[PDB]
Amino acid sequence: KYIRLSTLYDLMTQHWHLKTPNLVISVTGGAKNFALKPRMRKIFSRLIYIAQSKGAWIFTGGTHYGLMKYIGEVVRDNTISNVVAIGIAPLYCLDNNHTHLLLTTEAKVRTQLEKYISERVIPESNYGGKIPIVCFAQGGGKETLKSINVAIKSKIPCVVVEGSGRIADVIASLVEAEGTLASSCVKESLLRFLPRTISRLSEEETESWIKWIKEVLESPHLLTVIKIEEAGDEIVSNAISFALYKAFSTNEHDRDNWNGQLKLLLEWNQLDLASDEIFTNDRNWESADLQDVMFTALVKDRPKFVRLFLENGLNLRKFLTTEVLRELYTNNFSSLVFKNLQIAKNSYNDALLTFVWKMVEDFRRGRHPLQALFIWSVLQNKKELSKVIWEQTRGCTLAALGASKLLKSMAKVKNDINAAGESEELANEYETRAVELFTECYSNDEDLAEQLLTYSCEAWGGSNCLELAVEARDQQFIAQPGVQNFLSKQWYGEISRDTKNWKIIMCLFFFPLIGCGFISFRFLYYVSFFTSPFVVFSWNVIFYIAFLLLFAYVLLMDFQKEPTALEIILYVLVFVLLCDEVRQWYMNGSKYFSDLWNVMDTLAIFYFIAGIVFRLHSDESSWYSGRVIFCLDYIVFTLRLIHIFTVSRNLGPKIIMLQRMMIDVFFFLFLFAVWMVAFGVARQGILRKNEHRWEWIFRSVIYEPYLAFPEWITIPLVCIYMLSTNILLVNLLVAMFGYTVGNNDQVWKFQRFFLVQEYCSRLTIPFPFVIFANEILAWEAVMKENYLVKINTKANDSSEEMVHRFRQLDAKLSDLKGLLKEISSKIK
Amino acid sequence: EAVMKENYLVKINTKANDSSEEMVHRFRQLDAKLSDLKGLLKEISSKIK
Amino acid sequence: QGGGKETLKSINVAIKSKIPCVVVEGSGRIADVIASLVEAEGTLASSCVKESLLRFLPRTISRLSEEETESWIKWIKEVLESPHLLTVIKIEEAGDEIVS
Amino acid sequence: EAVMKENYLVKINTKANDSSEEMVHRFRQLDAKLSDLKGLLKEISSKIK
Ligand SMILES: CC(C)CCC[C@@H](C)[C@H]1CC[C@H]2[C@@H]3CC=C4C[C@@H](OC(=O)CCC(=O)O)CC[C@]4(C)[C@H]3CC[C@]12C
Ligand code: NA
């Protein structure tokens, strides 16, 4: 949009586009030669994204050269994600990337434009109104120094310089000094950095450059320098906001209006500036009007200011009212994560997620409120902000684990794998946040720690800290030596673990040996003995062994025609071994039958009742058919006993090698039985009874290989006998090393934990008797307060980077020249 | 993709942190400030005689 | 650790009457004044007090009468008479066991 | 074995190399030499007036 020039604001901000909540000015002029360094393009591309986040205008020289060409390429590429680049200008080629072009006699409406903008009060009023202006200067020469004085002296826009240029490095080096307003220190410099420029024209304009700099350094509170040693991220935001704050602070009317300077420093991210110049206690504030600033410090994603307002005094359990919490979930809860929650609730349903999905619903519909703000910041992956709200929670061994479940149950939703990936790495540093918070709680009194593991929590998720870890599969928390000691103290029960291993077993046989000092547990010690799950599991093996020796005895000597007294006890003991399975039919959820060995125990009893049905029929055809499906069930009641010994010896590091291998041979024998059906058909289809068919053939083809003309066809038959023995032997050896593929220390201790806690979830009564059946938290606050001090003590290896140890040398080196130039002045 | 490209080309030349953590230029800027002393301290004695 | 009127009063009435020790740290308004005023000699700080004390706390001095602001010179010149009763907890004691 | 013992007890207290490679005392001896300046440079201005 060309406009020839020789007020402007009305036809271009009402008929064309929006307002301008920021306005950056890059003063370069038509310098065709410009070294866009990889640092100089870092400044003027972070600036475009900052201006995109604020919706600014960029006034620059509208020509197709230098930085002004590089600027226009970034505004072209960033109108797809609201910067408007207004350009003001042999003949220079025009930059074909400025959406509104404003073509000596033209750098006077540029000054007339910005002063009309800088005066223009707007009732949004975050910078006291008055539309913040920055003037970025980086070049050298005539028009650069002119554009600083006509900026600074007429009205007040800030100027920002960097350490790369001809005259920008002059003013970058002329701020750590005093030179009587630099009436003779200008020519001391300005030929060291630009010697060719001074010998071009008249001295009366070179004399004027002294005046052009003495009007600049009158106000050094409007000139921020971007040094070279700001060699990190966020250096343009640390320079604009540091410049904009100076022009705000020196209005001499915001001493009462300190609240304007806080929302300015909150619109940007200036923690170190706000903590030193606003929250420094020589100013009078009350810390009760901080509440509308805190509500914007959350929803505008300021995780560093929410820590600042809390450490400056803010009762968060009194700030978090219910209308404040519903302004978060209804307005400031992002719809993408909320639609991610519905898919998280349906396909992976859990008691925790039903509590959270109820919580987001009735907060979007209509107490422990601090445990609801922590949910708000952990759902949307506020990674630095949820670490701050976690530090205020009443019980933090719990809430670090429960948030680790809320992330990991949403880290499996594959709608956005990045958000499901950031939730996975955030939950790992809540596992790690809850490991060391527990080992510090376990390096102290261990009985005091284990009461916290089984706390009722007043229904945070309704679960304890230990049960929240096993459902979330937090392998780092459960494999620590604190919890694995607690299980071994639980599985041995009230018996001490220092007796021996065999010393308990020599007391199961002989009941008078418990009453002696032969067991060293901790009046009627037998109830403590026969309720610890070591002796419960030790009873249900020697009873199960003695079950089989009277199942074998009734199958050889007895079992003539009458179900005698030895079989009636064999009837009811199977029913005793059945009446716990109807309680194993409880707490199953149709997935505890998905281990392929609880079902073989349940199909064992269902194969036994058919032997009872076949028994009391008095005919010899079903009596012998009742003996045979008793004898085949004798194998299954041994394969349960063998599977007991298989697990209970290799319960340890070999529990991940086993039961991954067990499915791998379950797959291999399935591929064997598929091949035996194939080899049966190729045997039935060759030998006789060729067409002699009934439903005989549907049952003979299976069992017939188990009991067991060449014109050119015998040579592929052995090639089949090479191809068939390959693909079965390969599956045999793949089953041999399926455990190998796939932090190996933590993964077996959790699998060791999950099996014993499945057996600790059993009733802790022996087998024949199954038919018969808030000031402790004041101690964890000290362990909590020592830990929160410890995680902010951790800046040792950050401070071993001696860039502040070199900076305190620089303060002591600045102590020299500030105090040594005064030594020479008292001599003359 | 040009913005993702331009953020990346800035990033690969931003990477001089562990090169600049070698403080041989942080010692060199001390040497410039130490050269600021002797260039400006020998002139203190000359105005006394 | 603090700043203001009653903090500087509670040091002089400590030190001058009998001898309890005082311990300051590098975080505060007037505590950082006395933290920075131990590596120096200023003729008992009769004119070096106002060289500081507005750099660290500028709003505090423009509140009341000069005759009590003149007294703050006396309130500090009685403090730095005995620098053997005033230990400073510096920021660069960034480890364990710094209070002991 | 007392000589092999005495060389070893010296050796385990010799081991403060990687502790002393943390140059916080090498910066502290600069601070003593920087405190040597201001203790001896304010007296230069007082003999001129
Ligand atoms: C004389 C005949 C007829 C009876 C033989 C008795 C055994 C069948 C019993 C008595 C001793 C028992 C064992 C005693 C000690 C334990 C250790 C235990 O290993 C664990 O540490 C469990 C994991 C844990 O929670 O720490 C597993 C079961 C086991 C082998 C018991 C399994 C069955 C055993 C061998
Ligand atoms: Na075969």
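Scoring rules and cut-offs
Residues numbered from 1 in each chain as written, not as in the entry; some residues may be left out. Chains lettered and ligands numbered in written order. Part of a larger assembly, values for the part shown. Heavy atoms only, no water. Contact = heavy atoms within 4.5 Å. Buried area = accessible area lost by both parts, 1.4 Å probe. Salt bridge = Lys/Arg side-chain N within 4 Å of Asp/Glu carboxyl O. Polar contact = N/O pair within 3.5 Å; in protein donor to acceptor, adjacent residues only side chain to side chain. Nonpolar A, V, L, I, M, F, W, Y, C, P; charged D, E, K, R; others polar. Helix = DSSP H or I, 4+ residues; strand = E, 2+ residues; numbered from the N terminus. Expected span 1.5 Å × (residues − 1). Buried < 20%, exposed > 50% of the residue type's maximum accessible area, 1.4 Å probe, protein only. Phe/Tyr/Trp six-rings, centres within 6.5 Å; stacked < 30°, edge-to-face > 60°. Near = heavy atom within 4 Å. Areas by Shrake-Rupley, 256 points an atom, 1.4 Å probe, with all protein chains shown as cover. Pairing = 2+ DSSP bridges. Axes fitted to C-alpha atoms, helices over the stretch in contact; angles between N-to-C directions.

Per the PDB entry, chain B is named Transient receptor potential cation channel subfamily M member 8, and its organism is Parus major. Anyone opening this PDB entry will find it titled "Structure of the TRPM8 cold receptor by single particle electron cryo-microscopy, ligand-free state".

Per the PDB entry, the recorded name for chain A is Transient receptor potential cation channel subfamily M member 8, and the organism is Parus major.

What follows concerns the interface of chain A and chain C. The extent of an interface is frequently quoted as the accessible surface area lost upon association of the parts. With six residues of chain A in contact, the opposing surface of chain C contributes nine residues. Across the chain A to chain C interface the summed buried area is about 600 Å²; carbon plus sulfur atoms make up 34%. Looking at the side of chain A facing chain C, the largest losses of area belong to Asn281, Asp282 and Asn284 of chain A, adding up to 58% of the total buried there. The tally of links from chain A across to chain C stands at zero salt bridges. Counting every contact that joins chain A to chain C gives three residue pairs in polar contact. Its residues assigned to classes, the side of chain A that touches chain C shows no nonpolar, five polar and one charged.

Time to look at helix 2 (residues 40–54) of chain A. Residues and elements named next belong to chain A. For helix 2, with 15 residues, the first-to-last C-alpha span of 22 Å sits near the 21 Å given by 1.5 Å per residue. Among all positions of helix 2, only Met40, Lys42, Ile43, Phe44, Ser45, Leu47, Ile48, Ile50, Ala51 and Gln52 are buried. Positioned one or two residues after helix 2, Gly55 has a phi angle of 80°, which is positive.

Take the packing of aromatic side chains next. Residue and element names in this part refer to chain A. In total, this model carries 48 aromatic pairs over all chains according to the counting rule given. With a centroid separation of 4.9 Å and 25° between ring planes, the pair formed by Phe608 and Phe630 is classed as stacked. With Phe608 in helix 31 (residues 598–615) and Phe630 in helix 32 (residues 620–649), this residue pair connects regions lying 22 residues apart in the sequence. By the burial criterion, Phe608 is buried, and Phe630 matches it. Seen from their ring centres, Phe750 and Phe754 are 6.4 Å apart, and the 25° between their planes marks the pair as stacked.

Residue and element names in this part refer to chain A. Ligand 1 sits among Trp491, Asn501, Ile505, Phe534, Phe537, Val541, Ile542, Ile545, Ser648, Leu651, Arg752 and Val756. In the environment of ligand 1, an oxygen atom lies 2.6 Å from a nitrogen or oxygen atom belonging to the side chain of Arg752. The fraction of the free accessible surface of ligand 1 (760 Å²) that becomes covered by protein chains is 63%. Mapped by element, the contributors of at least two residues to the shell around ligand 1 are helix 28 (533–556) and helix 36 (744–760). In terms of residues, the shell around ligand 1 owes the most to one element, helix 28, which gives five residues.

The subject of this paragraph is the environment of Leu555 of chain A. Note on placement: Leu555 of chain A falls in helix 28. Spatially, the C-alpha atoms of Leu555 of chain A and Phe630 of chain A are 8.3 Å apart, while their sequence positions differ by 75 residues.

What follows deals with the sheet that holds strand 3 (residues 84–88) of chain A. Residue and element names in this part refer to chain A. With respect to topology, seven strands assemble into an open sheet ordered 4-3-2-1-5-6-7, the strand pairing being parallel. Only two strands of the sheet have a single neighbouring strand rather than two, namely strand 4 (100–102) and strand 7 (223–226). The mean angle between the axes of side-by-side strands here comes to 20°, regardless of whether they run parallel or antiparallel. Across the sheet, helix 5 (residues 142–152) touches strand 1 (23–27), strand 5 (133–137) and strand 6 (158–162), and the angle it forms with strand 6 is around 150°.

Below, the discussion takes up the environment of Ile656 of chain A. Counting through the fold element by element, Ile656 of chain A comes out in the loop between helix 32 and helix 33 (661–684). The exposure class of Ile656 of chain A is buried, given its relative accessible area of 18%.

A word on the interface of chain A and chain B. Taken together, the contacts link 23 residues of chain A with 22 residues of chain B. Here chain A meets chain B over a buried area of about 1,800 Å², counting both sides, of which 70% is carbon and sulfur. Broken down residue by residue, the surface that chain A buries against chain B is led by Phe806, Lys817 and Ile827 of chain A, which jointly contribute 27%. Here chain A is connected to chain B by one salt bridge. With a closest N to O distance of 2.6 Å, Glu6 of chain B and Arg41 of chain A form a salt bridge. The interface formed by chain A and chain B includes two residue pairs in polar contact. Elements represented by at least two residues in the side of chain A that touches chain B include exactly helix 2, helix 3 (66–77) and helix 38 (807–825) of chain A. The dominant element in the side of chain A that touches chain B, judged by the number of residues it contributes, is helix 38 of chain A, at eight residues.

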